[PDB]
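In structure tokens, one chain follows: the form deposited in one PDB entry.
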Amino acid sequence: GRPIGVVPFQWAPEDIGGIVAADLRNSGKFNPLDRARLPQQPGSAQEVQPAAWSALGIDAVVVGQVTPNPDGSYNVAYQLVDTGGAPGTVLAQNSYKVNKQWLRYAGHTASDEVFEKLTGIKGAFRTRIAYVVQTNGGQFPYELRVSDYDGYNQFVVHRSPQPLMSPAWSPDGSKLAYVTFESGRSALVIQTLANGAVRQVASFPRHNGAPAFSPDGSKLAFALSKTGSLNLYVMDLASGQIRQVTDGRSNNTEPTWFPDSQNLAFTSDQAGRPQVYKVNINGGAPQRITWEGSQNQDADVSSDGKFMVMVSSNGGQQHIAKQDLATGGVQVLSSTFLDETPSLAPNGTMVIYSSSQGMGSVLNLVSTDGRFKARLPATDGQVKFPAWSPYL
């Protein structure tokens, strides 16, 4: 990755430089210099001595300050300093006031702005993930939770006595669709995060599952098995009208949207072993799009439509892999066991998924260039179905 210097911020209620460093490394785009190896610890743009950094192959340095305010809040400021072609030039800088609970958010804001200034890619460090935890609690063992993308600041959205599956975020980040077995069978519901209001979407006979909101906010795709097998359906969210997208006796599920809100990728057993297909929601037959491997399933298409990640079987093993949608090129990304249910960061730089790490008590992160892999912090249960929020 791109070498970069991230210096401890001048003060401590939280280690802001540590957060920036972790964020930049998580993206796979950067290789922040290990803290022990730093040549100096400048607290301001003026204290930067650019030669010590260029000597290490580093052409950008992040410095910052954290100052406490009389009202009990904190000022967090950062400055991005060029240590390459224009040594000492401030490329980017910002300063803001936050109370203690938002110090992590302050760090992620610095990460986002530094990231974007250097890569030209919008940052996703202030985003969230939704997931389901099966705890050992007896009365309500299933919880739909939300946390920051790195596992911090987790909160409970819904608790249930019965299994929950496959949460999906609305594009404005304000709602979560999910599958619940609370009534004694499957139902698809949409829950408004702010007030806890639950809208009933579908509870047809047999299975109701695998929801996905269109990027434009107008439609919800999902699968129903009422006809005798899983088929894809789309609901117009304004009216509640439902249209059948696929028909026939194969199983078609796990829909994910293309950026145009008109096409879906999805998994079908039409060819035998699961493969990924594309279909226009308005008409026409599905087209198979995965030809490499022996099995490919549970796709997520990137927000720019350039590629998709999915669970792919190659050389006998299943891992998270990425398929370029223009070239057809495929790259295996993860190396862990029992890799499943991948979900892309809204900038396409990172994938969150589930594996055997910690016997399923943790979620995993892998950068989409395959350069960096990490476990999220452990939860107090079995964690499944991660869903990466849109930009917030």
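Heads up, when I say rigid core I mean the largest set of C-alphas that superpose within 1.5 Å between the two forms. Residue positions are given as counts along the sequence shown, with the first one as 1.
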### Query
Hey, which bit's got the bigger mean C-alpha B factor in the entry, 73-81 or 209-217?
73-81
### Task
Taking the mean of the C-alpha B-factors per stretch from the entry, tell me the winner out of 238-246 and 122-130.
238-246
### Summary
Scanning 41, 26, 323, 355 for peak Cα temperature factor in the entry gives 41
### Query
Which one of 88, 184, 161, 274 shows the top CA temperature factor in the record?
88
### Task
Divide the modelled residues of the chain into thirds by Cα B-factor and specify which third, lowest, middle or highest, holds residue 4.
middle
### Query
Looking at the C-alpha B-factor of residue 102, is it in the lowest, middle or highest third of its chain?
highest
#### Entry: Modelled-residue ranking by C-alpha temperature factor, third containing residue 347
lowest
### Query
Comparing residue 297 with the other modelled residues of its chain, is its CA B-factor in the lowest, middle or highest third?
lowest
### Query
If you rank every modelled residue in this chain by C-alpha B factor, which third holds residue 117: lowest, middle or highest?
middle
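Not on display, but discussed next: the form deposited in another entry.
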### Query
Which of 218, 134, 314, 280 has its C-alpha displaced by 2 Å or more between the shown form and the other one after core superposition?
314
### Task
Determine, after fitting the two forms on their core, whether residue 324 shows a C-alpha shift of 2 Å or more between the shown form and the other one.
no
### Query
Taking the rigid core as reference, does the Cα of residue 351 move 2 Å or more between the shown form and the other one?
no
### Task
Return yes or no for residue 62: a CA shift of at least 2 Å between the shown form and the other one, with the rigid core superposed?
yes
